[PDB]
Every structure is written in structure tokens, then in C-alpha cells.
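We number each residue from 1, following the sequence as shown.
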Amino acid sequence: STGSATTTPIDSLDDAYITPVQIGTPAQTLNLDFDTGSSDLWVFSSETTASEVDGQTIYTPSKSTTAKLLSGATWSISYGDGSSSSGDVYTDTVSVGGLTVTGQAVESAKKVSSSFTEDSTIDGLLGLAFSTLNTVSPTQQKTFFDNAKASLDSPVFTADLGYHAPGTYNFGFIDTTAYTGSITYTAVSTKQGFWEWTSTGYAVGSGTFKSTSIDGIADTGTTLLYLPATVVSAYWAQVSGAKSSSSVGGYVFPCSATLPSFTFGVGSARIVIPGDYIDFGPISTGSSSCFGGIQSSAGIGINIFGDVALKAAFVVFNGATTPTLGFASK
């Protein structure tokens, strides 16, 4: 089997991407944030504290003839951005782009933090990291991909995120029309539960490539590119007037600037992030200070190849017995 679904930016900045997901019988379609940095499929629901729901579409398990309470199971998750959610668990039928999993754990939120409430466009998350990170207790549950994998034509999924435009998540096949050149594959460590890999270096604009190992994670659920402070300083030094602002929470730059590109290495291959992908717009409405899309990972504890990086590539998440990651230009 295969599946193919379009993923759409939630706003004009590509702050996140939503993908429609069918849950239950009859189908209830929710727009979920596919997150290769976590491993829970959780949804706003009829059980979510009413004051914490503001415009989201909810899953109502009592209206699904295939929903079953997973007795005694609870979940609770905290994300790198400080947001969180928790609740109980059902199993139900879940379909993405025509690919169906029966008995998928659907984690129903009883509580969500303010940032989730405040984002009316995201109805929940669909985790695509390794199932070892799943938070369900006392019996850990599998991700949608883990459940689907054996049925897929090939044990892979691909992320093809758009810049200010829709893109695609495919399951079970590699669309050879979706990228240019070849796909370069690189080793993955699953030791921390992430799609963790090592970039071979970087360049800023038309500058020379610096060969240096940068360990980090391919994370579709993180907006920005978080890299070591040395790398980030080298980038922003090429933008007149750019500075790190403790009050704003990162590097800012004059909105009048033209940003240089940023290149990262995948083995001997190179992925070029155009400068415009690094512009996240005014820090507040009407400001002429703009927020940068490349930020320091110092104090996160891990480098994160988030959407800024991933949307410059066609990315293969290869879930073979020994997982790997592939990157192609597009």
C-alpha cells in the first residue's frame, strides 16, 4: 500500500504545516501537524477542557463506531517550545492520503497548553519519530508509520514541504518526479528516538564550504533551523545590522536586508536554503526588525534541522531495519 497527502502552511510565514487525517467511522477529518520530532498522535477532542478549545476541529470518539477506549492508558507530553498536552487514549481507524491503519492509538486531549489553544489551525499532532518516544502509559503505543510499515510497498515516508506553498507527505514510495538530481542517503542514530544524523558542514551565501560535523535531528515539527552558536554567528555576520536580541529571543535583522543563502552538507552533497526562506518577518506588527530563521541551538542541547532546512529539500525517512535519511534538491 501507499498514501499521499498534501500538507499546507498554516500562515504566511510557514510557521507550521497541516495535513488532513481521517479518524474513525464515519470519518472525522482533522488537520494535524506531522512531527518527525515526536511520537504521539494526539487530537483536540470532545474530552478537551472547553475553555482550552478555540476554533479547532475536535475528534468525538462516541460518534465513531470503530473507536474503543484503551482502558487505563494515559499520555502526557511536553515539547521543546514549552508547550504541552495530556489525556486518555482510544484506538480507532486512521487514514492519511488513502493509507489506512486499523487499531491506531489516538490520544485524546483532556488538557492542552495555551499555545495550542491559541492556534486555531492545528487540531493535533501526528508523531513520526521512533515509537520509543511515545508517551502512552502503562503500555507504550506505536506511531502511525510504525503501524503501517509492514503493509507499505517500501518502508519509507517522504517530506516535501513547500516554501510559502503546499507540499506533500508520501508513505510507501519515493516519487522520482518530485526532486532533481539524486538522493544522498546518510546514517541515522535512533539512540535518542529521533531521526538524528550528521551534516558534513555548511556555507554562508557564496562563501567557501566549511567541513565540520554537525549532529542534529530532522524535525518537521520545528519551524526554524537551530545550529551551533559559531555557525549561526557566521551566518548573521553577513547581514548588516543583524544582532542577537535577548529581549526578542534570538537573532533579528533589518527588514530592509537581502538575506544570503545557507548551504548544509549531506555527505558530499549540498542543500541550498535560499535567503528568503530565512525571513520570518516583523517581530511585532509594523516593526522594521525582522526575526531570523537560523537561530542558536545553545541551551537546547541538540541541533534541529527544522522546516527552514527541510523545505529546501526532498527528504526520505527510510524506516528499513537500519534506518537512514535521504536528501535531494528540488
Side-chain angles (χ1 to χ4, degrees), residues 1-8 10 16-36 38-62 64-67 69-77 85-109 112 116-117 119-129 131 133-141 143-148 150-152 157 168-172 220-221:
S1 62
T2 64
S4 181
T6 299
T7 193
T8 301
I10 64 167
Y17 297 79
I18 50 172
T19 309
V21 178
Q22 282 71 49
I23 309 176
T25 308
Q28 298 180 39
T29 298
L30 274 65
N31 296 328
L32 305 187
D33 184 352
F34 282 24
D35 181 13
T36 63
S38 69
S39 306
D40 288 50
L41 193 175
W42 75 260
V43 297
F44 279 79
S45 75
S46 57
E47 302 179 327
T48 310
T49 301
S51 62
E52 296 178 352
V53 183
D54 187 4
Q56 296 80 11
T57 295
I58 63 167
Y59 170 58
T60 302
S62 66
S64 174
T65 58
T66 42
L69 179 71
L70 186 62
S71 182
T74 60
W75 62 279
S76 181
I77 192 162
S85 53
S86 62
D88 55 17
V89 187
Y90 294 80
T91 57
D92 209 341
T93 302
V94 172
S95 299
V96 176
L99 170 65
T100 300
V101 169
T102 58
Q104 174 64 46
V106 177
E107 302 173 34
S108 167
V112 303
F116 288 115
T117 299
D119 183 4
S120 68
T121 70
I122 290 175
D123 302 323
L125 267 64
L126 189 149
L128 293 167
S131 293
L133 294 181
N134 176 267
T135 77
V136 177
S137 178
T139 307
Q140 188 172 64
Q141 301 295 303
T143 71
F144 175 81
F145 178 55
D146 204 343
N147 282 322
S151 300
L152 296 177
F157 68 91
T168 305
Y169 282 102
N170 290 330
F171 292 82
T220 59

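Proximity of a side-chain donor or acceptor of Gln104 to a complementary backbone N or O of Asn147 within less than 3.5 Å is not detected. Proximity of a side-chain donor or acceptor of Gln22 to a complementary backbone N or O of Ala27 within less than 3.5 Å is not detected. In terms of modelled atom types and a separation under 3.5 Å, the side chain of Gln56 and the main chain of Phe116 share a donor-acceptor contact. A donor-acceptor contact shorter than 3.5 Å links the side chain of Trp75 to the backbone of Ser108. The closest donor-acceptor contact from the side chain of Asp123 to the backbone of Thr57 lies under 3.5 Å. Not one N or O on the side chain of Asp54 forms a donor-acceptor pair closer than 3.5 Å with the backbone of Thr117. With hydrogens and angles disregarded, no donor-acceptor distance shorter than 3.5 Å links the side chain of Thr48 to the backbone of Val53. Under the 3.5 Å distance criterion, the side-chain polar atoms of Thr220 are matched with a main-chain donor or acceptor of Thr36. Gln141 contributes a side-chain N or O that, together with a main-chain N or O of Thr139, makes up a donor-acceptor pair within less than 3.5 Å. Checking side-chain atoms of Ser131 against main-chain N and O of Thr143 turns up a donor-acceptor pair under 3.5 Å.
Shown here are the side-chain hydrogen bond (donor to acceptor under 3.5 Å, both in side chains) partners of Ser95, two or more places apart in sequence or in another chain: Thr100. Legend: residues meeting ring-ring contact (aromatic ring centres under 6.0 Å, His included) with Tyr17, ordered by chain and number and at least two apart, are absent. For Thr168, there are no side-chain hydrogen bond (donor to acceptor under 3.5 Å, both in side chains) partners two or more places apart in sequence or in a different chain.
Using modelled atom types and a 3.5 Å distance limit, the side chains of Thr7 and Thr19 yield a donor-acceptor pair. A side-chain donor from one of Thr66 and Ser64 sits under 3.5 Å from a side-chain acceptor of the other.
Side-chain contact between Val96 and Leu32 is absent, with no heavy-atom pair separated by less than 4.5 Å. Side-chain contact check for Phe144 versus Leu99: some heavy-atom pair is nearer than 4.5 Å. Within the 4.5 Å cutoff, no side-chain heavy atoms of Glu107 are placed close to those of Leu125.
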